[PDB]
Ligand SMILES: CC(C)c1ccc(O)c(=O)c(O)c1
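Taking the form deposited without the named molecule, here's one chain by itself in structure tokens.
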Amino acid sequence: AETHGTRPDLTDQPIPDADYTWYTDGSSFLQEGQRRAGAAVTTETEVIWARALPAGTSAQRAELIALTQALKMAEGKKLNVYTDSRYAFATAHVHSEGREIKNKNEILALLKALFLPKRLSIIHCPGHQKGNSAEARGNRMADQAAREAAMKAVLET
């Protein structure tokens, strides 16, 4: 049981009985002078969802959006979901009392979506990993799909 959290039964380690294990990533980069971004939810081997996000979108906000989308798609199911983002992890895990100065909308939407899955763990794993370990391949896969989605939309196809 977490405390000063939002969803009281949310955990940070893999639940034995999970139906789904997904990896999420936001990615942001500058191209043609402007900030571009995308978000994705994947397993080790398959892209469940990935989208380009509007110009200006920070990495932080892209990461909230990716994690929020995974929670929605897992509604009613038991989910282990990994993020490489300490900021999305904290936002999910720790309740903040101050009126949000940044990403107020994305944070509000992530917080509502926390309650969708039947059971949930949001786990933070390291990014940029070279392993064939499940997590390594999961996180790589999510990073690649999110960057790819953002790239394809900026280039226009």
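Shifts are known only where both forms have a C-alpha. Counting begins at 1, following the sequence as shown. Rigid core (definition): largest C-alpha set, two forms, superposition within 1.5 Å.
Below: the form solved in complex with the named molecule, not depicted.
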Overlaying the pocket C-alphas and bringing the named molecule over as found in the entry with it bound, would you call this site open, or blocked by 3+ ligand atoms sitting within 2.4 Å of backbone or C-beta?
open
Specify the contacting stretch among 100-108, 23-31, 39-47, 64-72, defined as having any heavy atom within 4.5 Å of the named molecule in the entry with it bound.
23-31
Residue 128 within 4.5 Å of the named molecule in the entry with it bound, heavy atoms
yes
Given that the named molecule is not shown alongside this chain, does residue 140 nevertheless sit within 4.5 Å of it in the entry with it bound, heavy atom to heavy atom?
no
Taking the rigid core as reference, does residue 30 move its C-alpha 2 Å or further between this form and the one not shown?
no
Rigid core fitted, then: does residue 127 show a CA shift of 2 angstroms or greater between this form and the one not shown?
no
Residues present in both forms, rigid core superposed: which consecutive runs of three or more show CA displacements of 2 Å or more between this form and the one not shown?
4-6, 96-101, 130-132
